[PDB]
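Listed next as structure tokens is one chain, alone, in the form deposited in one PDB entry.
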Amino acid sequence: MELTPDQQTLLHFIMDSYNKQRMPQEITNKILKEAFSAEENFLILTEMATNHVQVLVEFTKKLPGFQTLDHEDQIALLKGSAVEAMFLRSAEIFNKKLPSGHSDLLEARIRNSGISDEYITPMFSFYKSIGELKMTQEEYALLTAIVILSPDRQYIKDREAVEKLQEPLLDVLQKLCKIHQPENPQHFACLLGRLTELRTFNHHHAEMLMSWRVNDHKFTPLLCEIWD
């Protein structure tokens, strides 16, 4: 029927942190103005990818309990969720935030950046599949928090501490499905489908970086350090 005052408080903190994301004006202006070349298109995308890492960290820091975790486990969670959080935020932006005209130029830039179809095809396939679910802002925010507070990421020393933060988010998300979609009992199951679909992007992304060499304009030293 309704969220408990404690669940409402937890949801508000995640919503507030999630709603802080705002695509910078200089990035939006570049999508419109810059030359339509593989080199210029790839540079725009690298800047967007780098900007997402800063957005992710700032969002994560405000997640209830994140700051209470061991410092090395905070790093491990950020590193283990970076790719997954990026594709999820990208799916939200592509289906909601960006206007039809600029989304079209951004899609044109992505499709003409030098990146292989082996990575572009599952990317847009996932955006369409996310779009079908007509996710609310509470659902995107909670799914993002769930993705980041994953207890099974590599190099986590205290997994029980992370499970204690992830379990109440899964409880709130399932409750929100029961309140807002009481006619569709499979709504929560569809959202879980996106968690497993997002996991497939870790491999796709790792291979994409491997395809990049020093001789090519695609070599991104900073991003390659954050992604391993």
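From 1 onward, residues are counted along the sequence shown. Whichever C-alpha set is largest while still superposing within 1.5 Å between the two forms counts as the rigid core.
Comparing 135-143 with 88-96, the higher mean C-alpha B-factor in the PDB entry belongs to 88-96. Taking only CA atoms, the mean B-factor in the PDB entry is higher for 31-39 than for the other of 61-69 and 31-39.
Between the residues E183, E47, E197, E167, the entry's highest C-alpha temperature factor is the one at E183. Sorting the modelled residues of the chain by their CA temperature factor places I120 in the highest third. Ranked against the other modelled residues of its chain, the C-alpha B-factor of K20 as given in the entry falls in the middle third. Per the PDB record, residue ranking by Cα B-factor puts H102 in the highest third of the chain. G80 sits in the lowest third of its chain by CA B factor, as recorded in the PDB entry. For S129, the recorded CA B-factor ranks within the middle third of the chain. Only modelled residues enter the ranking.
Keep in mind the form deposited in another entry is missing from the figure; the text below concerns it.
In the core-superposed comparison between this form and the one not shown, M15 has its Cα shifted by less than 2 Å. Put the two forms on the same core and the Cα of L106 is off by 2 Å or more between this form and the one not shown. Relative to the superposed core, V57 undergoes a Cα shift smaller than 2 Å between this form and the one not shown.
Annotation: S100/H205 CA-CA distance longer in that other deposited form than in the displayed model, change of at least 3 Å. In that other deposited form, the separation between the C-alpha atoms of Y140 and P99 grows by 3 Å or more relative to the displayed form.
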